[PDB]
Colleague: 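Before I ask anything, let me first share the structure, which is written out below as structure tokens.
Below, read A as the first sequence line, B as the second, and so on, with proteins coming before strands; counting in each chain starts at 1.
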2 protein chains.
Amino acid sequence: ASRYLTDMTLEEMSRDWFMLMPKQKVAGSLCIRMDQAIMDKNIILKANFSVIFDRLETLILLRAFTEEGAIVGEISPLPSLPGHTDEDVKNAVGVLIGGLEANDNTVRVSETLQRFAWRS
Amino acid sequence: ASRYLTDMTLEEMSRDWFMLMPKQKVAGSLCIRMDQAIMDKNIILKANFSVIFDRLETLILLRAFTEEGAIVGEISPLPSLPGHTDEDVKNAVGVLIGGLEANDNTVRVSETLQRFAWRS
């Protein structure tokens, strides 16, 4: 029996999105996508993690949202690749944040990612 | 900010399902559905809850699954009549369990539902 803790609504996680000006990268075992067309916005990163004994375990899905609620980036596992580590997640988030910040966006991370950043 | 804690995968929560023999009922601002055709199966109730300060807040979605993974029951909030109580939820779960058990199914609930049953 697994469990999942997420910042996102079901609709936020299921919603289709695509990039005006796609930028993709792959760091670790994680696909990183973001829209290069997004500039001068406030963005929040929200995540869905699996959880074991109240401890965050594995990143399932991360999406970047503007204030209008639009999706502008995503970090997700590739099915055809093995599992990722904590440092793979932190590296991937750092790539997404740096990409967004290069277009003068202000990015903050959700409470759940804030706990994942340091948790033993 | 509200987060969500769930026993279900994204696919499990978004999958379309239908009753061979539809049975539908409303109690306490909650819509209860179950397939009257299902008998002699092993069923687990899984749920999605909002969470505030590590405390389970409100039921978002409950679905009943056979060992094989078929959805055979659901409890969901009414679209625009929010505000169901803890007692409303427990009563709706009891109605669903009693209905499934009267068709000779064995029913158990997820650890998240079990926590919600008692939490102050």
Side-chain angles (χ1 to χ4, degrees), chain A residues 1-17 30-31 33 42-69 71 74-79 83 106-119, chain B residues 1-17 30-31 42-69 71 74-80 82 106-119:
Chain A
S2 48
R3 295 200 306 175
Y4 305 93
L5 173 67
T6 183
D7 312 298
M8 285 173 284
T9 60
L10 179 65
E11 189 274 334
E12 275 179 317
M13 296 197 285
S14 312
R15 190 197 304 161
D16 284 307
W17 78 286
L30 295 170
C31 178
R33 316 174 208 264
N42 293 321
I43 296 177
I44 177 159
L45 308 191
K46 304 194 185 173
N48 178 35
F49 283 90
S50 67
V51 289
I52 313 285
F53 306 133
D54 209 80
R55 179 177 182 278
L56 297 171
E57 185 70 21
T58 298
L59 178 68
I60 303 307
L61 173 69
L62 176 154
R63 282 183 165 188
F65 299 86
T66 63
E67 291 188 39
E68 288 93 15
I71 300 164
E74 182 173 54
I75 297 171
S76 46
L78 289 190
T106 295
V107 185
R108 59 194 197 282
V109 313
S110 71
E111 163 183 18
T112 308
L113 287 159
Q114 290 168 43
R115 171 152 302 273
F116 183 85
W118 316 100
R119 67 99 177 79
Chain B
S2 278
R3 299 186 296 167
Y4 305 92
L5 180 65
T6 183
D7 317 290
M8 285 175 284
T9 68
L10 178 67
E11 190 276 335
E12 277 183 315
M13 295 198 287
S14 51
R15 188 190 307 167
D16 287 324
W17 77 287
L30 290 172
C31 171
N42 231 286
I43 294 165
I44 179 165
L45 309 193
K46 303 180 178 180
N48 185 31
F49 286 90
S50 57
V51 290
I52 308 287
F53 306 134
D54 198 41
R55 180 177 179 276
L56 298 170
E57 180 65 32
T58 310
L59 172 68
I60 305 301
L61 177 62
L62 180 158
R63 281 175 166 196
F65 297 86
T66 65
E67 284 273 35
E68 295 72 28
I71 300 150
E74 185 172 50
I75 298 170
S76 50
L78 298 188
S80 292
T106 54
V107 184
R108 67 191 195 281
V109 315
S110 72
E111 62 184 273
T112 307
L113 279 165
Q114 195 63 244
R115 177 160 194 86
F116 182 80
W118 312 102
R119 68 96 178 82

Colleague: To the closest 0.5 Å, what do you measure between CE (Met13(A)) and CD1 (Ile71(A))?
Modeller: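 One finds 11.0 Å between CE of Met13(A) and CD1 of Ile71(A).
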Colleague: Distance check, rounded to the nearest 0.5 Å: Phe116(A) atom CZ versus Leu56(A) atom CG?
Modeller: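 With rounding to 0.5 Å, CZ (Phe116(A)) is 7.0 Å from CG (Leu56(A)).
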Colleague: Looking at residues at least two apart in the chain, or sitting in another chain, which of them share a ring pair (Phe, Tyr, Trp, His ring centres under 6.0 Å) with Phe65(A)?
Modeller: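 If we apply the ring pair (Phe, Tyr, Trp, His ring centres under 6.0 Å) test to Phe65(A), skipping adjacent residues, there are no hits.
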Colleague: Under 3.5 Å, what donor-acceptor pairs does chain A form with chain B?
Modeller:
{"unit_1": "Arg3(A)", "atom_1": "NE", "unit_2": "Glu111(B)", "atom_2": "OE1", "d": "3.4"}
{"unit_1": "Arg3(A)", "atom_1": "NH1", "unit_2": "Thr112(B)", "atom_2": "OG1", "d": "3.2"}
{"unit_1": "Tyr4(A)", "atom_1": "N", "unit_2": "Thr6(B)", "atom_2": "O", "d": "2.8"}
{"unit_1": "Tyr4(A)", "atom_1": "O", "unit_2": "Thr6(B)", "atom_2": "N", "d": "2.9"}
{"unit_1": "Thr6(A)", "atom_1": "N", "unit_2": "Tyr4(B)", "atom_2": "O", "d": "2.9"}
{"unit_1": "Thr6(A)", "atom_1": "O", "unit_2": "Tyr4(B)", "atom_2": "N", "d": "2.8"}
{"unit_1": "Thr112(A)", "atom_1": "OG1", "unit_2": "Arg3(B)", "atom_2": "NH1", "d": "2.9"}

Colleague: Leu78(B) versus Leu30(B): any side-chain heavy-atom pair under 4.5 Å?
Modeller: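 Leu78(B) vs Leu30(B): side chains apart.
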Colleague: Check whether any side-chain heavy atom of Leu59(A) sits under 4.5 Å from a side-chain heavy atom of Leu61(A), and report yes or no.
Modeller: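 A side-chain contact under 4.5 Å is absent here.
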Colleague: In Å and rounded to the nearest 0.5 Å, what is the CG to CG distance from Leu10(A) to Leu10(B)?
Modeller: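 Result: 6.0 Å between the selected atoms.
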